[PDB]
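Step one of this worksheet: look at the structure below.
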2 protein chains.
Amino acid sequence: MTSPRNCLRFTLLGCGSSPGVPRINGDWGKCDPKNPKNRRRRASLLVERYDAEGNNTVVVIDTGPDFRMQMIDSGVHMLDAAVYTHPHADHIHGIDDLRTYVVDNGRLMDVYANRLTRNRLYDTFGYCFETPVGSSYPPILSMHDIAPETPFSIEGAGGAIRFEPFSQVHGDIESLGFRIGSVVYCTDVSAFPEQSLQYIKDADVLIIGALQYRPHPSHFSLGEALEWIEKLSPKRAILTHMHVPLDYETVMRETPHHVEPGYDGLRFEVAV
Amino acid sequence: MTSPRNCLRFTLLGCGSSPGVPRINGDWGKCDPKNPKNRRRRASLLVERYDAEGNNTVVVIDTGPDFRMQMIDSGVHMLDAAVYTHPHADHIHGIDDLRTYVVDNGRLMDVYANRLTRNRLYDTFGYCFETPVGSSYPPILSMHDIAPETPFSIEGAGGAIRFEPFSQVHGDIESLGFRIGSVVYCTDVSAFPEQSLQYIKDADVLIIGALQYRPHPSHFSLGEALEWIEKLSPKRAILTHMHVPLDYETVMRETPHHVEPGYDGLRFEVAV
Ligand SMILES: Nc1ncnc2c1ncn2[C@@H]1O[C@H](COP(=O)(O)O)[C@@H](O)[C@H]1O
Ligand SMILES: Nc1ncnc2c1ncn2[C@@H]1O[C@H](COP(=O)(O)O)[C@@H](O)[C@H]1O
Ligand SMILES: [K+]
Ligand SMILES: [K+]
Ligand SMILES: [Mn+2]
Ligand SMILES: [Mn+2]
Ligand SMILES: [Mn+2]
Ligand SMILES: [Mn+2]
């Protein structure tokens, strides 16, 4: 058997900070421009469940500006739902590209967001939900609420994928993290509230944001992320949302064996 | 002399329709997937003026979702201004990526838009103009009005670039086209008003949208674009905003010698 079966499969679609690596002006920072692993798209995760016959349920976490190229390069040509962490540009400005799937599926695309995120999507992308005055474009999205500490499930051809959302502090706003089975996704986080600890401890894989070496008001530094990894004892940790000071080979050396920097297209399967 | 001097230089950053080619679901339509010229980013044009010493003024027309990769691949690492045609997703959803230049230039990025476009950018990207409640992010953009039949000039290190905007019908809304010297850029157009004809006739290069073979309410078909090219007698025409029915090699054969389909990265210099 040479295709995925009886598993969850995770693909790190993007592992960069908000301006990407390099920045738009060609700035690679301290990254080796010759290592393709240092070319970073904006942060996003693809989550799939495969059954015994290889049928799949497919869910994306965040639709940033790189969403179209991320999906094309993933090789996965269908989508059941999108789930959002928070309403920052690098996580939402690719939303229009969900249109194609609406035509393929013959129904509105199910999207999942908390109230803060939803209310900002309605402000800035209202035409995706309701046809405005002077337009003939039908809406393309169907909104579902999510909230910390309330699990939700997304159905599809591979069976249901159950998400456990939890609260994160992200500078001056809240973002969501998610546990999916044994795998935890924590991007855009500067502190973990006490009530969220149960969701983040004892993960088989912890995917955790580490922006740079120096402190930043909205994200963990590398040292802060490593302190959390030591406390939470994941079997493996993968760093994400990495900015131009963090070079792949350098960070690989500086971190424990069970910890690695992410790279775009990083893919693994786990039991379900 | 092996770098540009004493010229205008134009780069077709993107030549695709709104979902790109291929679509996000991997659909190439009738395009040969093996020809790299058929991989199309969303429509945008880079305009540069170089002086005798190779100093440049750099202006982008539209900042769609592909804007960051377009600029990186262009090799041009600075920007003086952005000019907008109309407020559709494929032309504006990359706007946040102007942030990097604001830091480099030490001043807000000058953006140019008509009232319709400006009012939609304020709705959907207000935080780029004014810090909202609960935020510490400074604004990044400085807005300037443009209107059909009123020329405007953008200053920079290579000298001024003079734009002549004009009205286009684009289905149920108006879009702007621009003449820059001898070069005319007409994307997202389904009809030309009589008063715009003076700007589009007798171009050295006419860059004109041709979506597909079949009629569409918002864009010229290939046949309609060719009818206009015959009436307007440009020396050379380049087709843009091309959707998945239009294969590069096929359209090259079907069109007169002085007419060609565009491709991403297409670049030419003209006298100033
Ligand atoms: N009010 C806002 N709405 C959406 N995006 C914002 C807002 N304010 C700032 N941003 C952008 O959100 C991103 C913040 O990046 P991060 O450091 O990854 O939390 C940057 O792309 C900012 O330019
Ligand atoms: N009210 C709106 N604001 C912004 N973009 C829109 C709106 N309505 C539709 N669109 C998108 O704008 C694009 C229209 O594409 P075009 O066929 O190139 O004119 C598509 O990406 C649409 O999903
Ligand atoms: K390591
Ligand atoms: K031809
Ligand atoms: Mn972010
Ligand atoms: Mn953020
Ligand atoms: Mn368009
Ligand atoms: Mn349009």
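Labeling convention for the structure tokens: chains A, B, ... as they appear, residues from 1 per chain, ligands from 1 in order of appearance.
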Where does DSSP see helix (DSSP H, G or I) in region 80-241 of chain B, if you list the residues as a ChimeraX atom specification? /B:89-92,95-105,115-124,126-128,194-200,222-232
Distance limit 10 Å, reference ligand 2, atoms considered: only C-alpha atoms and all ligand atoms. Which residues make the cut? Give them as a ChimeraX atom specification. /A:95-100,124-128,130-140 /B:16-20,42-43,64,86-93,117,120-121,124,170-173,175,187-190,209,211,216-219,241-243
Set the cut-off to 6 Å and count only C-alpha atoms: what are the residues of chain B that reach chain A? Output as a ChimeraX atom specification. /B:24-26,65,68,72,77,93,124
I'd like the contact shell of residue 162 (chain A) - 10 Å cut-off, only C-alpha atoms, skipping same-chain residues fewer than 2 positions apart - returned as a PyMOL selection string. chain A and resi 151-155+159-160+164-165+178-181
